[PDB]
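Peer 1: Below is the file work_22.cif, with mmCIF, C-alpha atoms.
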```cif
data_target
loop_
_atom_site.group_PDB
_atom_site.id
_atom_site.type_symbol
_atom_site.label_atom_id
_atom_site.label_comp_id
_atom_site.auth_asym_id
_atom_site.auth_seq_id
_atom_site.Cartn_x
_atom_site.Cartn_y
_atom_site.Cartn_z
ATOM 1 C CA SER F 1 0.000 0.000 0.000
ATOM 2 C CA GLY F 2 0.751 3.683 -0.171
ATOM 3 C CA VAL F 3 2.525 5.759 2.409
ATOM 4 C CA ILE F 4 0.466 8.646 0.994
ATOM 5 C CA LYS F 5 -3.122 7.986 2.055
ATOM 6 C CA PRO F 6 -6.113 9.513 0.249
ATOM 7 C CA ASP F 7 -6.770 11.660 3.328
ATOM 8 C CA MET F 8 -3.584 13.169 4.786
ATOM 9 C CA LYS F 9 -3.141 15.573 7.656
ATOM 10 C CA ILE F 10 -0.810 18.578 7.643
ATOM 11 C CA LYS F 11 1.299 20.056 10.436
ATOM 12 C CA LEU F 12 3.614 22.990 9.922
ATOM 13 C CA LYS F 13 5.724 25.640 11.581
ATOM 14 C CA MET F 14 6.970 28.810 9.889
ATOM 15 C CA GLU F 15 9.672 31.067 11.242
ATOM 16 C CA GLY F 16 9.444 34.290 9.303
ATOM 17 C CA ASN F 17 10.962 37.735 9.056
ATOM 18 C CA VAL F 18 9.502 40.408 6.777
ATOM 19 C CA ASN F 19 11.128 43.834 6.549
ATOM 20 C CA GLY F 20 12.820 43.028 9.868
ATOM 21 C CA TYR F 21 9.598 41.948 11.682
ATOM 22 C CA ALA F 22 10.043 38.445 13.171
ATOM 23 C CA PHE F 23 7.111 36.093 13.653
ATOM 24 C CA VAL F 24 6.196 32.455 14.200
ATOM 25 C CA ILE F 25 3.103 30.696 12.758
ATOM 26 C CA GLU F 26 1.918 27.172 13.399
ATOM 27 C CA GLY F 27 -0.574 25.329 11.227
ATOM 28 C CA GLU F 28 -2.706 22.225 11.098
ATOM 29 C CA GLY F 29 -4.819 21.013 8.224
ATOM 30 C CA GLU F 30 -5.745 18.216 5.885
ATOM 31 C CA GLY F 31 -6.058 17.419 2.231
ATOM 32 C CA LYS F 32 -6.690 14.890 -0.483
ATOM 33 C CA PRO F 33 -3.340 14.256 -2.210
ATOM 34 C CA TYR F 34 -4.805 12.437 -5.236
ATOM 35 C CA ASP F 35 -7.483 15.098 -5.773
ATOM 36 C CA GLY F 36 -4.995 17.965 -5.480
ATOM 37 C CA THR F 37 -6.766 19.787 -2.648
ATOM 38 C CA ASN F 38 -5.643 20.996 0.776
ATOM 39 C CA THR F 39 -6.872 23.252 3.601
ATOM 40 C CA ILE F 40 -4.613 24.626 6.391
ATOM 41 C CA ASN F 41 -5.602 26.522 9.562
ATOM 42 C CA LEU F 42 -2.850 28.880 10.721
ATOM 43 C CA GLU F 43 -2.300 30.608 14.075
ATOM 44 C CA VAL F 44 0.221 33.368 14.782
ATOM 45 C CA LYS F 45 2.169 32.349 17.893
ATOM 46 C CA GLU F 46 4.720 35.221 18.017
ATOM 47 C CA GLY F 47 4.637 38.600 16.336
ATOM 48 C CA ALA F 48 0.923 39.409 16.395
ATOM 49 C CA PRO F 49 -0.407 41.632 14.875
ATOM 50 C CA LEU F 50 1.431 40.975 11.614
ATOM 51 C CA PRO F 51 2.212 44.317 9.982
ATOM 52 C CA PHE F 52 2.136 43.163 6.336
ATOM 53 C CA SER F 53 -0.129 41.436 3.824
ATOM 54 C CA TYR F 54 -0.865 37.837 4.786
ATOM 55 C CA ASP F 55 -0.936 36.975 1.071
ATOM 56 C CA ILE F 56 2.888 36.917 0.950
ATOM 57 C CA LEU F 57 2.785 33.878 3.267
ATOM 58 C CA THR F 58 -0.014 31.728 1.871
ATOM 59 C CA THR F 59 1.779 29.931 -0.962
ATOM 60 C CA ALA F 60 4.395 28.827 1.588
ATOM 61 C CA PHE F 61 1.627 27.032 3.546
ATOM 62 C CA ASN F 62 3.289 21.001 -0.703
ATOM 63 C CA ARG F 63 2.989 19.638 -4.228
ATOM 64 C CA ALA F 64 2.179 16.176 -2.877
ATOM 65 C CA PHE F 65 -1.287 17.773 -2.993
ATOM 66 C CA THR F 66 -1.536 17.774 -6.787
ATOM 67 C CA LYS F 67 -3.856 15.765 -9.018
ATOM 68 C CA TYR F 68 -1.682 14.006 -11.628
ATOM 69 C CA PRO F 69 -2.658 11.775 -14.527
ATOM 70 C CA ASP F 70 -0.950 8.389 -14.362
ATOM 71 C CA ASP F 71 1.043 9.150 -17.544
ATOM 72 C CA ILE F 72 2.937 12.116 -16.037
ATOM 73 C CA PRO F 73 5.503 10.946 -13.489
ATOM 74 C CA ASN F 74 4.729 12.416 -10.067
ATOM 75 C CA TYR F 75 8.005 13.826 -8.762
ATOM 76 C CA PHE F 76 6.492 14.691 -5.392
ATOM 77 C CA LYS F 77 4.567 11.531 -4.510
ATOM 78 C CA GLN F 78 7.423 9.268 -5.687
ATOM 79 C CA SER F 79 9.775 10.974 -3.213
ATOM 80 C CA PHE F 80 8.008 9.563 -0.156
ATOM 81 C CA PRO F 81 8.527 8.191 2.415
ATOM 82 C CA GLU F 82 11.888 10.038 2.285
ATOM 83 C CA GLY F 83 10.173 13.221 1.091
ATOM 84 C CA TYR F 84 11.503 16.374 -0.499
ATOM 85 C CA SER F 85 12.386 19.992 0.108
ATOM 86 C CA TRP F 86 11.873 23.147 -1.842
ATOM 87 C CA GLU F 87 13.310 26.642 -2.023
ATOM 88 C CA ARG F 88 11.619 29.560 -3.680
ATOM 89 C CA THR F 89 12.323 33.138 -4.681
ATOM 90 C CA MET F 90 9.385 35.547 -5.187
ATOM 91 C CA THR F 91 10.451 38.773 -6.931
ATOM 92 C CA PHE F 92 7.841 41.503 -6.692
ATOM 93 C CA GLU F 93 7.444 44.264 -9.270
ATOM 94 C CA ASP F 94 8.376 47.039 -6.769
ATOM 95 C CA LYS F 95 11.614 45.153 -5.841
ATOM 96 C CA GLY F 96 10.343 43.481 -2.688
ATOM 97 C CA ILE F 97 11.662 39.929 -2.450
ATOM 98 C CA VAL F 98 10.676 36.824 -0.485
ATOM 99 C CA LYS F 99 12.956 33.819 -0.141
ATOM 100 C CA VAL F 100 11.353 30.816 1.435
ATOM 101 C CA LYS F 101 12.404 27.241 2.020
ATOM 102 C CA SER F 102 10.491 24.275 3.292
ATOM 103 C CA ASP F 103 11.276 20.715 4.249
ATOM 104 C CA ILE F 104 8.386 18.250 3.640
ATOM 105 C CA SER F 105 8.455 15.012 5.674
ATOM 106 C CA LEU F 106 5.927 12.321 6.502
ATOM 107 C CA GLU F 107 5.010 10.627 9.747
ATOM 108 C CA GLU F 108 2.177 8.125 9.606
ATOM 109 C CA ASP F 109 -0.707 9.988 7.983
ATOM 110 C CA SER F 110 0.582 13.560 8.403
ATOM 111 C CA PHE F 111 2.894 15.619 6.279
ATOM 112 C CA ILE F 112 5.147 17.846 8.399
ATOM 113 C CA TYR F 113 6.553 21.114 7.051
ATOM 114 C CA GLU F 114 9.399 23.155 8.509
ATOM 115 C CA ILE F 115 9.338 26.541 6.799
ATOM 116 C CA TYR F 116 11.715 29.536 6.909
ATOM 117 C CA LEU F 117 10.643 32.735 5.174
ATOM 118 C CA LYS F 118 12.496 36.027 4.725
ATOM 119 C CA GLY F 119 10.927 39.009 3.023
ATOM 120 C CA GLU F 120 13.035 42.156 2.327
ATOM 121 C CA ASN F 121 12.922 45.525 0.550
ATOM 122 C CA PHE F 122 9.149 46.066 0.545
ATOM 123 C CA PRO F 123 8.484 49.772 0.194
ATOM 124 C CA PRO F 124 6.933 51.050 3.432
ATOM 125 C CA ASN F 125 3.970 52.614 1.505
ATOM 126 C CA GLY F 126 3.617 49.716 -0.973
ATOM 127 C CA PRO F 127 0.666 47.284 -1.113
ATOM 128 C CA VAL F 128 2.409 44.643 0.992
ATOM 129 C CA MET F 129 3.383 46.701 4.031
ATOM 130 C CA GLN F 130 0.077 48.596 3.868
ATOM 131 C CA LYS F 131 -2.092 45.477 3.503
ATOM 132 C CA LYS F 132 -3.754 46.500 0.238
ATOM 133 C CA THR F 133 -3.716 43.088 -1.490
ATOM 134 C CA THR F 134 -6.864 41.016 -1.810
ATOM 135 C CA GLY F 135 -5.452 37.632 -2.850
ATOM 136 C CA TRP F 136 -3.577 35.791 -5.573
ATOM 137 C CA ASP F 137 -4.849 35.281 -9.090
ATOM 138 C CA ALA F 138 -5.345 31.649 -10.200
ATOM 139 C CA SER F 139 -2.009 30.572 -11.710
ATOM 140 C CA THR F 140 -0.119 28.141 -13.892
ATOM 141 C CA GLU F 141 3.237 26.834 -12.778
ATOM 142 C CA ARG F 142 5.651 25.511 -15.449
ATOM 143 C CA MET F 143 7.450 22.386 -14.171
ATOM 144 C CA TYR F 144 10.662 21.173 -15.836
ATOM 145 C CA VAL F 145 13.865 19.380 -14.921
ATOM 146 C CA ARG F 146 17.165 21.248 -14.506
ATOM 147 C CA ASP F 147 20.357 19.819 -13.090
ATOM 148 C CA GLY F 148 18.620 16.653 -12.010
ATOM 149 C CA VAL F 149 15.883 18.294 -9.869
ATOM 150 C CA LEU F 150 12.521 19.887 -10.659
ATOM 151 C CA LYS F 151 12.053 23.612 -11.273
ATOM 152 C CA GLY F 152 8.752 25.423 -11.189
ATOM 153 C CA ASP F 153 8.232 28.939 -12.561
ATOM 154 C CA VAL F 154 5.154 31.134 -12.167
ATOM 155 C CA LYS F 155 4.428 34.546 -13.733
ATOM 156 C CA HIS F 156 2.150 35.417 -10.847
ATOM 157 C CA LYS F 157 -0.038 38.320 -9.749
ATOM 158 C CA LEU F 158 -1.493 39.653 -6.545
ATOM 159 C CA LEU F 159 -4.782 41.481 -6.864
ATOM 160 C CA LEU F 160 -4.918 44.975 -5.355
ATOM 161 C CA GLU F 161 -7.719 46.685 -3.470
ATOM 162 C CA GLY F 162 -9.405 49.015 -5.986
ATOM 163 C CA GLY F 163 -8.435 46.864 -8.990
ATOM 164 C CA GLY F 164 -5.164 46.174 -10.805
ATOM 165 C CA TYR F 165 -2.255 43.759 -10.448
ATOM 166 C CA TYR F 166 0.941 43.609 -8.444
ATOM 167 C CA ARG F 167 3.137 41.167 -10.400
ATOM 168 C CA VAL F 168 5.347 38.597 -8.769
ATOM 169 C CA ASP F 169 7.695 36.043 -10.408
ATOM 170 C CA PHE F 170 8.055 32.709 -8.592
ATOM 171 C CA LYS F 171 11.101 30.487 -9.090
ATOM 172 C CA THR F 172 11.016 27.264 -7.082
ATOM 173 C CA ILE F 173 13.459 24.351 -7.002
ATOM 174 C CA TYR F 174 12.034 21.086 -5.681
ATOM 175 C CA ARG F 175 14.540 18.400 -4.578
ATOM 176 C CA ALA F 176 13.423 14.813 -3.971
ATOM 177 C CA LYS F 177 15.386 12.979 -1.288
ATOM 178 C CA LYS F 178 15.815 9.869 -3.471
ATOM 179 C CA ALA F 179 15.999 8.864 -7.115
ATOM 180 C CA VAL F 180 12.577 9.135 -8.790
ATOM 181 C CA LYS F 181 11.363 8.894 -12.382
ATOM 182 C CA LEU F 182 11.612 12.430 -13.742
ATOM 183 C CA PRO F 183 8.704 14.030 -15.625
ATOM 184 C CA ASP F 184 8.799 15.898 -18.875
ATOM 185 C CA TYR F 185 7.862 19.592 -19.072
ATOM 186 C CA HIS F 186 4.313 20.035 -17.770
ATOM 187 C CA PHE F 187 1.983 22.490 -16.067
ATOM 188 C CA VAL F 188 0.344 22.687 -12.658
ATOM 189 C CA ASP F 189 -2.753 24.901 -12.485
ATOM 190 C CA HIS F 190 -3.326 26.383 -9.023
ATOM 191 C CA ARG F 191 -5.940 28.391 -7.204
ATOM 192 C CA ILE F 192 -5.171 29.517 -3.648
ATOM 193 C CA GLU F 193 -7.383 31.540 -1.352
ATOM 194 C CA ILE F 194 -7.822 32.728 2.121
ATOM 195 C CA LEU F 195 -11.184 31.238 3.156
ATOM 196 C CA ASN F 196 -11.469 33.070 6.441
ATOM 197 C CA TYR F 197 -9.536 35.273 8.791
ATOM 198 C CA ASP F 198 -10.009 37.049 12.100
ATOM 199 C CA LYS F 199 -9.351 40.745 12.688
ATOM 200 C CA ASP F 200 -5.530 41.011 12.313
ATOM 201 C CA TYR F 201 -5.097 37.679 10.525
ATOM 202 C CA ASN F 202 -4.043 35.959 13.749
ATOM 203 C CA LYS F 203 -6.155 32.963 12.728
ATOM 204 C CA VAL F 204 -6.436 32.215 8.997
ATOM 205 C CA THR F 205 -7.664 29.334 6.833
ATOM 206 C CA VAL F 206 -6.003 28.766 3.423
ATOM 207 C CA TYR F 207 -7.258 26.484 0.643
ATOM 208 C CA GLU F 208 -5.443 25.450 -2.516
ATOM 209 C CA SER F 209 -6.292 23.267 -5.481
ATOM 210 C CA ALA F 210 -3.620 22.053 -7.916
ATOM 211 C CA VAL F 211 -3.942 19.915 -11.039
ATOM 212 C CA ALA F 212 -1.180 18.776 -13.429
ATOM 213 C CA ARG F 213 -1.517 18.510 -17.182
ATOM 214 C CA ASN F 214 0.702 17.860 -20.133
ATOM 215 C CA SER F 215 2.579 20.326 -22.272
ATOM 216 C CA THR F 216 1.646 18.612 -25.540
ATOM 217 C CA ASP F 217 -2.075 19.287 -25.722
#
```
Translate this structure into structure tokens?
Peer 2:
Amino acid sequence: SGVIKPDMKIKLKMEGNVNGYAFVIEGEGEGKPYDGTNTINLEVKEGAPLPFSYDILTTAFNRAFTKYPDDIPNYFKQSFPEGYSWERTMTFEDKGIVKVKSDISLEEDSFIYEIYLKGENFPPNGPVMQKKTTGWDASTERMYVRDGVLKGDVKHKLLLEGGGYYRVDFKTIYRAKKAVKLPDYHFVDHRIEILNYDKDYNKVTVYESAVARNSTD
């Protein structure tokens, strides 16, 4: 049988620092790895109230939760039980930058994430530090092998209060902790949202769906 069950739990901890503000968030959730869906409930443990847009954290809160057709090798699911890690750079159009890394492990029927996030150079009157974003657009991530590991690129966008986009390029490198069958170039279509939040985003629920498809259609 599979180490990845059809219903998997999620536990995570993030240590973060954005424009010098340190914080700690813990999360618990669940998802359906084979359906590509996941929901995480986050709680700020240190650093409340967060003085920046929560949207710069949400995509850090696991591509094991991706629906894949059998004919596209699944880099992420094949990596278990050993698991995988990822590191990501998010370059924002006003020169803000987030670097985030996460280690994804498995114990019984929970994935465990250990996340470190550092955001720098956000303008003090920009949409991030002034909490004027409303969420991410739906996106498509381009997945392809480089130097033996899997890269994912996204030409992404945050939506702004009052209309308009705040563009953000994502570059992620995913590293399996064992030899796996490598996929060809393909796409993962995402939609992430904040489902609910309390006043200062101390308690937040995030949902994401993700589905893979070929690059030859």
Peer 1: So which one's closest to residue 21 (chain F), F:61, F:201, F:122, F:166? Using only C-alpha atoms, please.
Peer 2: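 Comparing F:61, F:201, F:122, F:166 against residue 21 (chain F), the winner is F:122.
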Peer 1: Mind telling me what the PyMOL selection byres ((chain F and resi 64) around 8) catches here, as a ChimeraX atom specification?
Peer 2: /F:33,36,62-63,65-66,76-77
Peer 1: Taking only C-alpha atoms into account, name the residue in F:116, F:179, F:30, F:25 that is nearest to residue 49 (chain F).
Peer 2: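 Between F:116, F:179, F:30, F:25, the residue approaching residue 49 (chain F) most closely is F:25.
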Peer 1: Skip residue 169 (chain F) itself and residues of its chain fewer than 4 positions away, then list as a PyMOL selection string all residues within 7 Å of it, counting all atoms listed in the file.
Peer 2: chain F and resi 90-92+154-156
Peer 1: Would you translate the PyMOL selection byres ((chain F and resi 165) around 12) into the concrete set of residues it matches in this file, as number ranges by chain?
Peer 2: F: 92-94, 127, 132-137, 155-164, 166-168
Peer 1: Calculated over all atoms listed in the file, which of the candidates F:60, F:104, F:117, F:210 has the smallest distance to residue 16 (chain F)?
Peer 2: F:117
Peer 1: Evaluating the PyMOL selection byres ((chain F and resi 37) around 12) on the displayed file yields which residues, as a ChimeraX atom specification?
Peer 2: /F:6-10,29-36,38-40,62-68,189-193,206-211
Peer 1: N, CA, C and O atoms for region 26-45 of chain F, written as an mmCIF file, in the coordinates of the input, could you do that?
Peer 2:
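Just written: out-v4.cif:
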```cif
data_model
loop_
_atom_site.group_PDB
_atom_site.id
_atom_site.type_symbol
_atom_site.label_atom_id
_atom_site.label_comp_id
_atom_site.auth_asym_id
_atom_site.auth_seq_id
_atom_site.Cartn_x
_atom_site.Cartn_y
_atom_site.Cartn_z
ATOM 1 N N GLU F 26 2.110 28.597 13.439
ATOM 2 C CA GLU F 26 1.918 27.172 13.399
ATOM 3 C C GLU F 26 0.639 26.876 12.639
ATOM 4 O O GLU F 26 -0.298 27.686 12.624
ATOM 5 N N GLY F 27 0.586 25.707 12.004
ATOM 6 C CA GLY F 27 -0.574 25.329 11.227
ATOM 7 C C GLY F 27 -0.926 23.873 11.361
ATOM 8 O O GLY F 27 -0.059 23.033 11.591
ATOM 9 N N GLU F 28 -2.216 23.586 11.202
ATOM 10 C CA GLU F 28 -2.706 22.225 11.098
ATOM 11 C C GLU F 28 -3.793 22.192 10.046
ATOM 12 O O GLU F 28 -4.591 23.123 9.926
ATOM 13 N N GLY F 29 -3.818 21.124 9.266
ATOM 14 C CA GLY F 29 -4.819 21.013 8.224
ATOM 15 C C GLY F 29 -4.948 19.614 7.692
ATOM 16 O O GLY F 29 -4.569 18.637 8.360
ATOM 17 N N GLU F 30 -5.513 19.500 6.499
ATOM 18 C CA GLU F 30 -5.745 18.216 5.885
ATOM 19 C C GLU F 30 -5.920 18.428 4.403
ATOM 20 O O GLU F 30 -6.230 19.522 3.937
ATOM 21 N N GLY F 31 -5.780 17.358 3.651
ATOM 22 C CA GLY F 31 -6.058 17.419 2.231
ATOM 23 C C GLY F 31 -6.209 16.050 1.613
ATOM 24 O O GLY F 31 -6.103 15.019 2.284
ATOM 25 N N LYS F 32 -6.453 16.071 0.318
ATOM 26 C CA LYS F 32 -6.690 14.890 -0.483
ATOM 27 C C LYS F 32 -5.593 14.874 -1.549
ATOM 28 O O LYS F 32 -5.709 15.520 -2.581
ATOM 29 N N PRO F 33 -4.486 14.150 -1.289
ATOM 30 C CA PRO F 33 -3.340 14.256 -2.210
ATOM 31 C C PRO F 33 -3.678 13.911 -3.662
ATOM 32 O O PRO F 33 -3.128 14.522 -4.569
ATOM 33 N N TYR F 34 -4.517 12.908 -3.877
ATOM 34 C CA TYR F 34 -4.805 12.437 -5.236
ATOM 35 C C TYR F 34 -5.820 13.334 -5.938
ATOM 36 O O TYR F 34 -5.905 13.302 -7.163
ATOM 37 N N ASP F 35 -6.571 14.141 -5.180
ATOM 38 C CA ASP F 35 -7.483 15.098 -5.773
ATOM 39 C C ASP F 35 -6.844 16.474 -5.943
ATOM 40 O O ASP F 35 -7.439 17.354 -6.558
ATOM 41 N N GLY F 36 -5.652 16.684 -5.389
ATOM 42 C CA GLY F 36 -4.995 17.965 -5.480
ATOM 43 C C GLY F 36 -5.618 19.068 -4.650
ATOM 44 O O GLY F 36 -5.627 20.197 -5.099
ATOM 45 N N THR F 37 -6.138 18.757 -3.456
ATOM 46 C CA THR F 37 -6.766 19.787 -2.648
ATOM 47 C C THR F 37 -6.209 19.751 -1.234
ATOM 48 O O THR F 37 -5.802 18.696 -0.731
ATOM 49 N N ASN F 38 -6.141 20.909 -0.583
ATOM 50 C CA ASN F 38 -5.643 20.996 0.776
ATOM 51 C C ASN F 38 -6.139 22.263 1.453
ATOM 52 O O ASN F 38 -6.274 23.300 0.801
ATOM 53 N N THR F 39 -6.396 22.155 2.756
ATOM 54 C CA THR F 39 -6.872 23.252 3.601
ATOM 55 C C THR F 39 -6.013 23.295 4.867
ATOM 56 O O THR F 39 -5.888 22.272 5.548
ATOM 57 N N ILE F 40 -5.473 24.475 5.207
ATOM 58 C CA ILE F 40 -4.613 24.626 6.391
ATOM 59 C C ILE F 40 -5.173 25.760 7.258
ATOM 60 O O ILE F 40 -5.524 26.816 6.749
ATOM 61 N N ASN F 41 -5.218 25.522 8.568
ATOM 62 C CA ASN F 41 -5.602 26.522 9.562
ATOM 63 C C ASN F 41 -4.354 26.999 10.303
ATOM 64 O O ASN F 41 -3.649 26.188 10.903
ATOM 65 N N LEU F 42 -4.061 28.293 10.213
ATOM 66 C CA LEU F 42 -2.850 28.880 10.721
ATOM 67 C C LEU F 42 -3.159 29.723 11.954
ATOM 68 O O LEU F 42 -4.204 30.398 12.021
ATOM 69 N N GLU F 43 -2.219 29.752 12.887
ATOM 70 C CA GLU F 43 -2.300 30.608 14.075
ATOM 71 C C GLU F 43 -0.960 31.284 14.286
ATOM 72 O O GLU F 43 0.086 30.619 14.355
ATOM 73 N N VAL F 44 -0.978 32.602 14.424
ATOM 74 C CA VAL F 44 0.221 33.368 14.782
ATOM 75 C C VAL F 44 0.523 33.107 16.254
ATOM 76 O O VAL F 44 -0.319 33.349 17.120
ATOM 77 N N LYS F 45 1.732 32.644 16.540
ATOM 78 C CA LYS F 45 2.169 32.349 17.893
ATOM 79 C C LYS F 45 3.074 33.441 18.482
ATOM 80 O O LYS F 45 3.088 33.640 19.700
#
```
